[PDB]
There are 2 protein chains.
Amino acid sequence: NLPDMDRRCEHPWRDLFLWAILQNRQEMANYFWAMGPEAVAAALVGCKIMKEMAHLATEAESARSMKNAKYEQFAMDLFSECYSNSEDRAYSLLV
Amino acid sequence: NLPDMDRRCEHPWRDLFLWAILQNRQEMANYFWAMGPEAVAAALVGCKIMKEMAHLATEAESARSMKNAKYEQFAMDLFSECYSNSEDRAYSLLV
């Protein structure tokens, strides 16, 4: 079921962002998100995964960092920029 | 009952901090606390002694300085650092 081990990823930035997010590395995850093709969906997925891991976090420092992921803030800011730009392509982007 | 007058103190920084604290010298007391072996207990003892002397203070300026000893703040900050570091050695430190 696994793909070809030598075949390059179809969505490299998506996989890198997902990988960096599963391990609470936020600075790196942020850099990967800044390079991904679809940023609003990536930010929402990131915030979902962060708030999901916040419960499973053992260390208090890691849980505190996870609760302040502010990945939803990135999505809101980028969508505010998009809405200010077009306001007609923004709806198509949403839907 | 007194110890040997020429014998060096077993806990020099503790005695210096205690001495500097009994006389409302806070800057010096702070420096001694920064050098002591056990800092959380020293800070709590310092804040206890300060709030105990605050009642006995005659001058209003001395009482005002004593009520703002913020030695408990030092203990809280240092324990926050310790808890963020290990969170498992912090409990052993507490108990």
# chains A, B, ... in the order shown; residues from 1 in each chain; ligands from 1
$ interface_residues --of "chain A" --to "chain B" --cutoff "8 Å" --atoms "only C-alpha atoms" --output "VMD selection string"
chain A and resid 59 to 61
$ write_last_selection --atoms "N, CA and C atoms" --output "mmCIF file, in the first residue's frame"
data_model
loop_
_atom_site.group_PDB
_atom_site.id
_atom_site.type_symbol
_atom_site.label_atom_id
_atom_site.label_comp_id
_atom_site.auth_asym_id
_atom_site.auth_seq_id
_atom_site.Cartn_x
_atom_site.Cartn_y
_atom_site.Cartn_z
ATOM 1 N N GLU A 59 3.826 17.019 29.692
ATOM 2 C CA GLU A 59 4.511 18.127 30.339
ATOM 3 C C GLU A 59 3.641 19.376 30.299
ATOM 4 N N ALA A 60 3.694 20.159 31.380
ATOM 5 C CA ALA A 60 2.885 21.370 31.452
ATOM 6 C C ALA A 60 3.381 22.429 30.475
ATOM 7 N N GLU A 61 4.698 22.519 30.283
ATOM 8 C CA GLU A 61 5.244 23.497 29.347
ATOM 9 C C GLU A 61 4.802 23.196 27.920
#
$ residues_around --residues "residue 40 in chain B" --least-positions-apart "2" --cutoff "8 Å" --atoms "only C-alpha atoms" --output "short mmCIF file (atom, residue, chain, number, x, y, z; two decimals) with N, CA and C atoms, in the first residue's frame"
data_model
loop_
_atom_site.label_atom_id
_atom_site.label_comp_id
_atom_site.auth_asym_id
_atom_site.auth_seq_id
_atom_site.Cartn_x
_atom_site.Cartn_y
_atom_site.Cartn_z
N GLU B 38 19.95 26.94 48.72
CA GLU B 38 18.52 26.66 48.60
C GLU B 38 17.78 27.99 48.55
N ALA B 42 14.80 29.97 51.13
CA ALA B 42 15.34 31.24 51.60
C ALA B 42 14.40 32.39 51.28
N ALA B 43 13.84 32.40 50.07
CA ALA B 43 12.91 33.47 49.70
C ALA B 43 11.65 33.43 50.54
N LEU B 44 11.12 32.23 50.81
CA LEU B 44 9.93 32.14 51.65
C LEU B 44 10.22 32.59 53.08
N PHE B 74 10.16 36.32 44.09
CA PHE B 74 11.37 35.61 43.70
C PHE B 74 11.16 34.10 43.76
N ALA B 75 10.53 33.62 44.84
CA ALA B 75 10.27 32.20 44.96
C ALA B 75 9.35 31.70 43.86
N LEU B 78 11.37 31.67 40.48
CA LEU B 78 12.36 30.60 40.43
C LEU B 78 11.69 29.24 40.34
N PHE B 79 10.59 29.04 41.06
CA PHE B 79 9.89 27.77 40.97
C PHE B 79 9.20 27.60 39.62
#
$ atom_distance --atom1 "CA of residue 48 in chain B" --atom2 "CA of residue 12 in chain B"
20.3 Å
$ atom_distance --atom1 "CA of residue 46 in chain A" --atom2 "CA of residue 20 in chain A"
9.8 Å
$ residues_around --residues "residue 32 in chain B" --least-positions-apart "6" --cutoff "7 Å" --atoms "only C-alpha atoms" --output "PyMOL selection string"
chain B and resi 13+16-17
$ calpha_fit_and_write --fixed "chain B" --moving "chain A" --output "CSV table (one decimal) with N, CA, C and O atoms, in the first residue's frame"
chain,number,residue,atom,x,y,z
A,1,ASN,N,27.3,27.2,74.9
A,1,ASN,CA,26.4,26.8,73.8
A,1,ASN,C,26.8,27.3,72.4
A,1,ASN,O,26.6,26.7,71.4
A,2,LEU,N,27.4,28.5,72.5
A,2,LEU,CA,27.9,29.2,71.3
A,2,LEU,C,29.0,28.3,70.6
A,2,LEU,O,29.8,27.6,71.3
A,3,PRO,N,29.1,28.3,69.3
A,3,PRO,CA,30.1,27.5,68.6
A,3,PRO,C,31.4,28.2,68.7
A,3,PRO,O,31.6,29.3,69.3
A,4,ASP,N,32.4,27.5,68.1
A,4,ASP,CA,33.8,28.1,68.2
A,4,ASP,C,33.9,29.4,67.4
A,4,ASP,O,33.5,29.5,66.3
A,5,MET,N,34.4,30.4,68.1
A,5,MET,CA,34.4,31.8,67.6
A,5,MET,C,35.2,31.9,66.3
A,5,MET,O,35.0,32.8,65.5
A,6,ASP,N,36.2,31.0,66.2
A,6,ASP,CA,37.1,31.1,65.0
A,6,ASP,C,36.6,30.1,63.9
A,6,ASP,O,37.2,30.1,62.8
A,7,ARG,N,35.6,29.3,64.2
A,7,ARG,CA,35.2,28.3,63.2
A,7,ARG,C,34.3,28.9,62.2
A,7,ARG,O,33.4,29.7,62.5
A,8,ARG,N,34.6,28.6,60.9
A,8,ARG,CA,33.8,29.1,59.8
A,8,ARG,C,32.4,28.6,59.8
A,8,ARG,O,32.1,27.4,60.2
A,9,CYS,N,31.4,29.4,59.3
A,9,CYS,CA,30.0,29.0,59.3
A,9,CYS,C,29.8,27.9,58.3
A,9,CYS,O,30.4,27.8,57.2
A,10,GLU,N,28.9,26.9,58.7
A,10,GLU,CA,28.6,25.8,57.8
A,10,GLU,C,27.8,26.3,56.6
A,10,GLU,O,27.9,25.8,55.5
A,11,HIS,N,26.9,27.3,56.8
A,11,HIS,CA,26.1,27.9,55.8
A,11,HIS,C,26.3,29.4,55.8
A,11,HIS,O,25.5,30.1,56.3
A,12,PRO,N,27.4,29.8,55.2
A,12,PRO,CA,27.7,31.3,55.2
A,12,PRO,C,26.6,32.1,54.5
A,12,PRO,O,26.2,33.2,55.0
A,13,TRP,N,26.2,31.7,53.3
A,13,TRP,CA,25.2,32.5,52.6
A,13,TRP,C,23.9,32.6,53.3
A,13,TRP,O,23.2,33.6,53.3
A,14,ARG,N,23.5,31.5,53.9
A,14,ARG,CA,22.2,31.5,54.7
A,14,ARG,C,22.3,32.5,55.8
A,14,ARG,O,21.4,33.3,56.0
A,15,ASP,N,23.4,32.5,56.6
A,15,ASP,CA,23.5,33.4,57.7
A,15,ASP,C,23.6,34.8,57.2
A,15,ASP,O,23.0,35.7,57.8
A,16,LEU,N,24.3,35.1,56.1
A,16,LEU,CA,24.4,36.4,55.6
A,16,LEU,C,23.1,36.9,55.1
A,16,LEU,O,22.7,38.1,55.3
A,17,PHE,N,22.3,36.1,54.4
A,17,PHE,CA,21.0,36.5,53.9
A,17,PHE,C,20.1,36.7,55.1
A,17,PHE,O,19.3,37.7,55.1
A,18,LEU,N,20.1,35.9,56.2
A,18,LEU,CA,19.3,36.1,57.4
A,18,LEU,C,19.6,37.4,58.1
A,18,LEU,O,18.8,38.1,58.5
A,19,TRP,N,20.9,37.7,58.1
A,19,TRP,CA,21.4,38.9,58.8
A,19,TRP,C,21.0,40.2,58.0
A,19,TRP,O,20.5,41.1,58.6
A,20,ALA,N,21.2,40.1,56.7
A,20,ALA,CA,20.8,41.2,55.9
A,20,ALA,C,19.3,41.4,55.8
A,20,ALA,O,18.8,42.5,55.6
A,21,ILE,N,18.5,40.4,56.1
A,21,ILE,CA,17.1,40.4,56.1
A,21,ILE,C,16.5,41.0,57.4
A,21,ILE,O,15.6,41.8,57.4
A,22,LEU,N,17.1,40.6,58.5
A,22,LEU,CA,16.6,41.1,59.8
A,22,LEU,C,16.7,42.7,59.9
A,22,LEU,O,15.9,43.2,60.7
A,23,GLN,N,17.5,43.3,59.1
A,23,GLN,CA,17.6,44.8,59.1
A,23,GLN,C,17.1,45.6,57.9
A,23,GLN,O,17.5,46.7,57.8
A,24,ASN,N,16.1,45.0,57.2
A,24,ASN,CA,15.5,45.6,56.1
A,24,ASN,C,16.4,46.0,54.9
A,24,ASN,O,16.1,47.0,54.2
A,25,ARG,N,17.6,45.4,54.8
A,25,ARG,CA,18.5,45.7,53.7
A,25,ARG,C,18.0,44.7,52.7
A,25,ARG,O,18.3,43.5,52.8
A,26,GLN,N,17.4,45.2,51.6
A,26,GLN,CA,16.8,44.3,50.6
A,26,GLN,C,17.7,44.0,49.4
A,26,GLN,O,17.7,42.9,48.9
A,27,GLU,N,18.5,45.0,49.0
A,27,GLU,CA,19.4,44.9,47.9
A,27,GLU,C,20.5,43.9,48.3
A,27,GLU,O,20.8,43.0,47.5
A,28,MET,N,21.1,44.0,49.4
A,28,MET,CA,22.1,43.1,49.9
A,28,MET,C,21.5,41.7,50.1
A,28,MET,O,22.1,40.7,49.8
A,29,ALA,N,20.3,41.7,50.7
A,29,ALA,CA,19.6,40.4,51.0
A,29,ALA,C,19.4,39.7,49.7
A,29,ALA,O,19.5,38.5,49.6
A,30,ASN,N,19.1,40.4,48.7
A,30,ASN,CA,18.8,39.9,47.3
A,30,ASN,C,20.1,39.3,46.8
A,30,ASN,O,20.1,38.2,46.2
A,31,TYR,N,21.2,40.0,46.9
A,31,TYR,CA,22.5,39.5,46.4
A,31,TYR,C,22.9,38.2,47.2
A,31,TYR,O,23.4,37.2,46.5
A,32,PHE,N,22.7,38.1,48.5
A,32,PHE,CA,23.0,36.9,49.2
A,32,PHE,C,22.1,35.8,48.8
A,32,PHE,O,22.5,34.6,48.7
A,33,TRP,N,20.8,36.0,48.6
A,33,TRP,CA,19.9,35.0,48.1
A,33,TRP,C,20.3,34.5,46.8
A,33,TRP,O,20.1,33.3,46.5
A,34,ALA,N,20.8,35.3,45.9
A,34,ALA,CA,21.3,34.9,44.6
A,34,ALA,C,22.5,33.9,44.7
A,34,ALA,O,22.8,33.2,43.7
A,35,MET,N,23.1,33.9,45.8
A,35,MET,CA,24.3,33.0,46.0
A,35,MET,C,24.0,31.8,46.9
A,35,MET,O,24.9,30.9,47.0
A,36,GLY,N,22.9,31.8,47.6
A,36,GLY,CA,22.6,30.7,48.5
A,36,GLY,C,22.3,29.4,47.9
A,36,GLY,O,22.0,29.3,46.7
A,37,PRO,N,22.5,28.3,48.6
A,37,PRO,CA,22.3,26.9,48.0
A,37,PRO,C,20.8,26.6,47.8
A,37,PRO,O,20.5,26.1,46.7
A,38,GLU,N,19.9,26.9,48.7
A,38,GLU,CA,18.5,26.7,48.6
A,38,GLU,C,17.8,28.0,48.5
A,38,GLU,O,17.7,28.7,49.6
A,39,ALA,N,17.3,28.3,47.4
A,39,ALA,CA,16.7,29.7,47.1
A,39,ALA,C,15.2,29.8,47.4
A,39,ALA,O,14.8,30.9,47.8
A,40,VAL,N,14.4,28.8,47.1
A,40,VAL,CA,13.0,28.9,47.3
A,40,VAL,C,12.7,29.0,48.8
A,40,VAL,O,11.9,29.9,49.2
A,41,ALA,N,13.3,28.1,49.6
A,41,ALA,CA,13.1,28.2,51.1
A,41,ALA,C,13.6,29.5,51.6
A,41,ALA,O,13.0,30.1,52.5
A,42,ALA,N,14.8,30.0,51.1
A,42,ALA,CA,15.3,31.2,51.6
A,42,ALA,C,14.4,32.4,51.3
A,42,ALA,O,14.2,33.3,52.1
A,43,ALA,N,13.8,32.4,50.1
A,43,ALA,CA,12.9,33.5,49.7
A,43,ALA,C,11.6,33.4,50.5
A,43,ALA,O,11.1,34.5,50.9
A,44,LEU,N,11.1,32.2,50.8
A,44,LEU,CA,9.9,32.1,51.7
A,44,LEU,C,10.2,32.6,53.1
A,44,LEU,O,9.4,33.3,53.7
A,45,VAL,N,11.4,32.2,53.6
A,45,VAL,CA,11.8,32.7,55.0
A,45,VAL,C,11.9,34.2,55.0
A,45,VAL,O,11.5,34.9,55.9
A,46,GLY,N,12.5,34.7,53.9
A,46,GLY,CA,12.7,36.2,53.8
A,46,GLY,C,11.3,36.9,53.8
A,46,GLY,O,11.1,37.9,54.5
A,47,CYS,N,10.4,36.4,53.0
A,47,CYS,CA,9.1,37.1,52.9
A,47,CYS,C,8.3,36.9,54.2
A,47,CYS,O,7.6,37.9,54.7
A,48,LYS,N,8.4,35.8,54.9
A,48,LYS,CA,7.8,35.6,56.2
A,48,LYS,C,8.4,36.7,57.2
A,48,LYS,O,7.7,37.3,57.9
A,49,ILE,N,9.7,36.8,57.2
A,49,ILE,CA,10.3,37.7,58.2
A,49,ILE,C,10.0,39.2,57.8
A,49,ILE,O,9.7,40.0,58.7
A,50,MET,N,9.9,39.5,56.5
A,50,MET,CA,9.5,40.8,56.1
A,50,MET,C,8.1,41.2,56.6
A,50,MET,O,7.8,42.2,57.1
A,51,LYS,N,7.2,40.3,56.3
A,51,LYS,CA,5.8,40.5,56.7
A,51,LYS,C,5.6,40.5,58.2
A,51,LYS,O,4.7,41.1,58.8
A,52,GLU,N,6.5,39.8,58.9
A,52,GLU,CA,6.5,39.8,60.4
A,52,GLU,C,7.0,41.2,60.9
A,52,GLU,O,6.4,41.7,61.9
A,53,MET,N,8.0,41.7,60.3
A,53,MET,CA,8.6,43.0,60.7
A,53,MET,C,7.7,44.2,60.3
A,53,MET,O,7.8,45.2,60.9
A,54,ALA,N,6.9,44.0,59.3
A,54,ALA,CA,6.1,45.1,58.8
A,54,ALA,C,5.2,45.6,59.9
A,54,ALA,O,4.9,46.8,59.9
A,55,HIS,N,4.7,44.8,60.7
A,55,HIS,CA,3.8,45.2,61.9
A,55,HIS,C,4.7,46.0,62.9
A,55,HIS,O,4.2,47.0,63.5
A,56,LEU,N,5.9,45.5,63.1
A,56,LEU,CA,6.7,46.1,64.2
A,56,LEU,C,7.4,47.4,63.7
A,56,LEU,O,8.0,48.1,64.5
A,57,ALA,N,7.4,47.7,62.4
A,57,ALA,CA,8.0,48.9,61.8
A,57,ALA,C,7.4,50.2,62.4
A,57,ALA,O,6.2,50.3,62.5
A,58,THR,N,8.3,51.1,62.8
A,58,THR,CA,7.9,52.3,63.4
A,58,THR,C,7.7,53.4,62.3
A,58,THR,O,6.6,54.0,62.2
A,59,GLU,N,8.7,53.6,61.4
A,59,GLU,CA,8.6,54.6,60.3
A,59,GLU,C,7.7,54.1,59.2
A,59,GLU,O,7.7,52.9,58.9
A,60,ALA,N,7.0,55.0,58.6
A,60,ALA,CA,6.0,54.6,57.5
A,60,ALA,C,6.8,54.2,56.3
A,60,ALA,O,6.4,53.3,55.6
A,61,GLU,N,7.9,54.9,56.0
A,61,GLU,CA,8.7,54.5,54.8
A,61,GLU,C,9.3,53.1,55.0
A,61,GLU,O,9.2,52.3,54.0
A,62,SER,N,9.8,52.7,56.1
A,62,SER,CA,10.3,51.4,56.3
A,62,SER,C,9.2,50.3,56.2
A,62,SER,O,9.4,49.3,55.6
A,63,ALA,N,8.0,50.6,56.8
A,63,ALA,CA,6.9,49.7,56.7
A,63,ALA,C,6.4,49.5,55.2
A,63,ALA,O,6.1,48.4,54.8
A,64,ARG,N,6.4,50.6,54.5
A,64,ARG,CA,6.0,50.6,53.0
A,64,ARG,C,7.1,49.7,52.3
A,64,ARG,O,6.7,48.9,51.4
A,65,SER,N,8.3,49.9,52.5
A,65,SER,CA,9.4,49.1,51.9
A,65,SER,C,9.2,47.6,52.2
A,65,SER,O,9.4,46.8,51.4
A,66,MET,N,8.9,47.4,53.5
A,66,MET,CA,8.8,46.0,54.0
A,66,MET,C,7.6,45.3,53.3
A,66,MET,O,7.6,44.1,53.0
A,67,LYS,N,6.5,46.0,53.2
A,67,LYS,CA,5.3,45.4,52.5
A,67,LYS,C,5.5,45.2,51.1
A,67,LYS,O,4.7,44.4,50.5
A,68,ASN,N,6.5,45.7,50.4
A,68,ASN,CA,6.8,45.5,49.0
A,68,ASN,C,8.1,44.7,48.9
A,68,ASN,O,8.9,45.0,48.0
A,69,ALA,N,8.4,43.8,49.8
A,69,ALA,CA,9.6,43.0,49.8
A,69,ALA,C,9.7,42.1,48.5
A,69,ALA,O,10.8,41.8,48.1
A,70,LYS,N,8.6,41.7,47.9
A,70,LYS,CA,8.5,40.9,46.8
A,70,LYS,C,9.5,39.7,46.8
A,70,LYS,O,10.0,39.3,45.8
A,71,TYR,N,9.7,39.2,48.0
A,71,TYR,CA,10.5,38.0,48.1
A,71,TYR,C,9.8,36.7,47.7
A,71,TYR,O,10.3,35.8,47.2
A,72,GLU,N,8.5,36.7,48.0
A,72,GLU,CA,7.6,35.7,47.5
A,72,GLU,C,7.6,35.7,46.0
A,72,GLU,O,7.5,34.6,45.4
A,73,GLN,N,7.7,36.8,45.3
A,73,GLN,CA,7.8,36.9,43.9
A,73,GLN,C,9.0,36.2,43.4
A,73,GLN,O,9.0,35.5,42.4
A,74,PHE,N,10.2,36.3,44.1
A,74,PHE,CA,11.4,35.6,43.7
A,74,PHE,C,11.2,34.1,43.8
A,74,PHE,O,11.6,33.4,42.8
A,75,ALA,N,10.5,33.6,44.8
A,75,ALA,CA,10.3,32.2,45.0
A,75,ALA,C,9.4,31.7,43.9
A,75,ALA,O,9.6,30.7,43.3
A,76,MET,N,8.3,32.5,43.6
A,76,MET,CA,7.4,32.0,42.5
A,76,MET,C,8.1,32.0,41.1
A,76,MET,O,7.9,31.1,40.4
A,77,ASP,N,8.9,33.0,40.8
A,77,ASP,CA,9.6,33.0,39.6
A,77,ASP,C,10.6,31.9,39.4
A,77,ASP,O,10.6,31.2,38.4
A,78,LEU,N,11.4,31.7,40.5
A,78,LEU,CA,12.4,30.6,40.4
A,78,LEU,C,11.7,29.2,40.3
A,78,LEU,O,12.2,28.4,39.6
A,79,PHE,N,10.6,29.0,41.1
A,79,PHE,CA,9.9,27.8,41.0
A,79,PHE,C,9.2,27.6,39.6
A,79,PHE,O,9.1,26.5,39.1
A,80,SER,N,8.7,28.7,39.0
A,80,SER,CA,8.2,28.6,37.7
A,80,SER,C,9.3,28.1,36.7
A,80,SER,O,9.1,27.3,35.8
A,81,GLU,N,10.5,28.7,36.8
A,81,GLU,CA,11.6,28.2,36.0
A,81,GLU,C,11.9,26.7,36.2
A,81,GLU,O,12.1,26.0,35.3
A,82,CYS,N,12.0,26.3,37.5
A,82,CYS,CA,12.2,24.9,37.8
A,82,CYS,C,11.1,24.0,37.3
A,82,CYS,O,11.4,22.9,36.7
A,83,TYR,N,9.9,24.4,37.4
A,83,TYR,CA,8.8,23.6,36.9
A,83,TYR,C,8.8,23.5,35.4
A,83,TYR,O,8.5,22.4,34.9
A,84,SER,N,9.1,24.6,34.7
A,84,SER,CA,9.2,24.6,33.3
A,84,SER,C,10.4,23.7,32.9
A,84,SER,O,10.4,23.1,31.8
A,85,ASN,N,11.4,23.6,33.7
A,85,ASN,CA,12.6,22.8,33.3
A,85,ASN,C,12.3,21.3,33.4
A,85,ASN,O,12.4,20.6,32.4
A,86,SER,N,11.9,20.8,34.6
A,86,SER,CA,11.7,19.4,34.8
A,86,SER,C,10.3,19.0,35.0
A,86,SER,O,9.8,18.0,34.3
A,87,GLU,N,9.6,19.6,36.0
A,87,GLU,CA,8.2,19.3,36.3
A,87,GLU,C,8.1,18.0,37.1
A,87,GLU,O,7.1,17.6,37.6
A,88,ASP,N,9.3,17.2,37.1
A,88,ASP,CA,9.4,16.0,38.0
A,88,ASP,C,10.3,16.2,39.1
A,88,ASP,O,10.1,15.7,40.2
A,89,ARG,N,11.4,17.0,38.9
A,89,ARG,CA,12.3,17.4,40.0
A,89,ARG,C,11.7,18.5,40.8
A,89,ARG,O,12.1,18.7,42.0
A,90,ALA,N,10.7,19.3,40.2
A,90,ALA,CA,10.1,20.4,40.9
A,90,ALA,C,9.3,19.9,42.1
A,90,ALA,O,9.3,20.5,43.2
A,91,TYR,N,8.6,18.7,41.9
A,91,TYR,CA,7.8,18.2,43.0
A,91,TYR,C,8.7,17.7,44.2
A,91,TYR,O,8.4,17.9,45.3
A,92,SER,N,9.8,17.0,43.8
A,92,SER,CA,10.8,16.6,44.8
A,92,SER,C,11.4,17.8,45.5
A,92,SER,O,11.6,17.7,46.7
A,93,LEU,N,11.6,18.9,44.8
A,93,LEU,CA,12.1,20.1,45.4
A,93,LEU,C,11.1,20.7,46.4
A,93,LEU,O,11.4,21.1,47.5
A,94,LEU,N,9.8,20.6,46.1
A,94,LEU,CA,8.7,21.1,47.0
A,94,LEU,C,8.7,20.2,48.2
A,94,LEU,O,8.5,20.8,49.3
A,95,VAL,N,8.8,18.9,48.1
A,95,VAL,CA,8.5,18.0,49.2
A,95,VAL,C,9.7,17.5,49.9
A,95,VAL,O,9.6,16.8,50.9
